[PDB]
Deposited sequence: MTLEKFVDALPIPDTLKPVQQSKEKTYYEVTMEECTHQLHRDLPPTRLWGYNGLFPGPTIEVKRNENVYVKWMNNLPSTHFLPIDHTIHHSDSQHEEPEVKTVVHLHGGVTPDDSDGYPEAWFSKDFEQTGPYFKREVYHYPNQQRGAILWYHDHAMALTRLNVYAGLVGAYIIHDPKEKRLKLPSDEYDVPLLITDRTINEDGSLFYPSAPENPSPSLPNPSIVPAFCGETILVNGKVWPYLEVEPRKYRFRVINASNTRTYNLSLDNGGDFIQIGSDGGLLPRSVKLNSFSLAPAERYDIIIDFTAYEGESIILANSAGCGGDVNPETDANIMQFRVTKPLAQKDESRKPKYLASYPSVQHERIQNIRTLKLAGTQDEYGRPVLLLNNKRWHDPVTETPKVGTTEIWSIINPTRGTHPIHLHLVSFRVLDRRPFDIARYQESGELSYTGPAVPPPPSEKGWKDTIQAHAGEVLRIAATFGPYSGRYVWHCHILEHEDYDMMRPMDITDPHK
């Protein structure tokens, strides 16, 4: 397998605007097929990248910065990965979603607002070439990625992911590490052929002769882990505090991260911005689309090499020589100036009436070919909309998971608070539809006491979340963020209504 830790960690450059005034910022980003080497010892890999880069450029904005992005497709008219024509027109369709954006519905990247090459053909909900992001929200780590109907798992795996950071000037008072000591880490697992080409499966394990070819698969676990577009890279760091913006941009894989020297992470932020209080952690779970804003303090580790290790299995136990590793920190860079950054415990203050409660079951069916189809509340993507909360109101969603696995559930537009999780008897529930609890409520850990947009709904548990639906009304979605589930068919429209 590929030799670990021989490539330096790329730091994506920060995108420069086409035009900027004190009241509006305009960006243009083109999706291009490109070639990049993913490891020292590989030929360059064919990729699809925002501005021909993988990951895409990091976009940095301020809170309330009035931003417009013209996202353009300059990709070829055929895909290089296997398309299953049975799960749901040009073959290649794209649309960009700003994950976590508090975004008007026509700029949110609705899966059926897709466009082909040069906007030549467009989906039924296509309305505008230039997206508007008012950024009227808390400072946070966001990210952008492809969201095209039934192609998301392919377009993302091809390389269409990038970080988007919202900076709230008020948070400067905290003196958190910044500028060159504030580094995004976009983690993607991939399987790469000896010739450098990406591998994505064209059929699952099931040997049924019925299956289409290609056929969608239920989950993808990559052989190799990349960070910022390089396999098992190293980052040289000074002996001081750094801020890392940690993004799981993988299709299916969940990571459980630790430092191999026993050092701790200080978590300062979750998907929806800073936590109320920082949390000292020896390890944390990071499912697809979750973000952790962390400080690592290398001050006491001068000279050390420190592995960012993974203990979570994906289709089996981790292999210590491969997916047990993420990247390596080398604390060998000479300290360039005194570290004036801080790691305050007390970060933010967040103070309500519940207007409605909603019960949602994570369900399955089998399709005509015998393949598993994953569903939200036993409905299909194209069923009439059922999640129709009113604008300005707060609901509790009780998400019941009787399946055997965890699903990272994401709601667009909003962030929400976690109330509790509670285990239930699956068999009982499955025969009767009655909830019977096998233990007490588990209140959220400190990591989940702030604002989330993507949340792990564990097997055999009821997860309750509380969300206020706004500020905008219109047509959004919610879905599992395992992309293989999302595409078939664990995604539903969500209408925030306004009389």
So which bits of the deposited chain never got modelled? 1, 90-96, 360-363, 512-513
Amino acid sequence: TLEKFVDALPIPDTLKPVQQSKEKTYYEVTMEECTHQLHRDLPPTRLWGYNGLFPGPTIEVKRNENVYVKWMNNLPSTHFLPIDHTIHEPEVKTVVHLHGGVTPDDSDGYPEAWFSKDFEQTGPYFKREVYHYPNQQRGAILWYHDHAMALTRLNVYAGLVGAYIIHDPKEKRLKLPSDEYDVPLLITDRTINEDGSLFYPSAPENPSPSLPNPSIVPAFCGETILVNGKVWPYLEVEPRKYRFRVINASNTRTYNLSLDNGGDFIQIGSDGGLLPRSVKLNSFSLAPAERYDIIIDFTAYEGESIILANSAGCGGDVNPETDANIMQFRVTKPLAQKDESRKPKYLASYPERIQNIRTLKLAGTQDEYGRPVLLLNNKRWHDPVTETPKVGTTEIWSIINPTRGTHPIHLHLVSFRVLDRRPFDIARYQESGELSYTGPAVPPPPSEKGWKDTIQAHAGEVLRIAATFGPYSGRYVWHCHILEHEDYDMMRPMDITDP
From here on, numbers count along this sequence of modelled residues.
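Between two forms, the rigid core is defined as the largest C-alpha subset superposing within 1.5 Å.
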Would you say which of 274-282 and 342-350 moves more relative to the shown form in 7 other deposited structures of this protein, going by RMS C-alpha distance with the core superposed? 342-350
When the rigid core is fixed in 7 other deposited structures of this protein, C-alphas move more for 197-205 or 178-186; answer is 197-205
Taking the mean of the C-alpha B-factors per stretch from the entry, tell me the winner out of 202-210 and 219-227. 202-210
So 416-424 or 183-191, which one's hotter by mean CA B-factor in the entry? 416-424
For the listed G159, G123, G273, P402, which has the peak Cα B-factor recorded in the PDB entry? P402
For the C-alpha B-factor as written in the entry, point me to the maximum among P177, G100, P233, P320. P320
Ranked by Cα temperature factor within the chain, is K62 in the lowest third, the middle third or the highest third? middle
Once the chain's modelled residues are ordered by C-alpha B factor and cut into thirds, is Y437 in the lowest, middle or highest one? highest
Chain-wide C-alpha B factor ranking for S116, given as lowest, middle or highest third: lowest
Is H88 in the lowest, middle or highest third of its chain when residues are ranked by C-alpha B-factor? highest
With respect to C-alpha B-factor, does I307 fall in the lowest, middle or highest third of the chain as deposited? middle
